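Working notes for the structure below.
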Amino acid sequence: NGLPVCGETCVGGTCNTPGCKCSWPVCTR
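Under the deposited numbering, the first residue of the sequence shown carries the number 1, and numbering increases by one thereafter.
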């Protein structure tokens with residue numbers, strides 16, 4: 001079970017993936 005992520009996790013309400021929004025808990029569009 002693993003949906004495509006654009007980047008890291010939005011832990012601490014923080015997303016660090018440039019160009020990708022957050023979809024807690026993962027940075028995905």
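Idealized CB from N, CA, C, for every residue including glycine.
I think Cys6 touches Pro25, with their Cβ atoms under 8 angstroms apart; what is that distance to the nearest whole Å?
The pair is not a contact, with the Cβ atoms about 13 angstroms apart (cut-off 8 angstroms).
Alpha carbon of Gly12 to alpha carbon of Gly2, nearest angstrom
C-alpha of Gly12 to C-alpha of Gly2: approximately 21 angstroms in a straight line.
Return the chain-ordered list of same chain residues with a C-beta closer than 6 angstroms to the C-beta of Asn16, the five sequence neighbours on each side being excluded.
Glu8
Straight-line gap, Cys20 to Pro4 (C-alpha atoms, nearest Å):
12 angstroms
Grouping DSSP H, G and I as helix and E and B as strand, with all else coil, what is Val26?
strand
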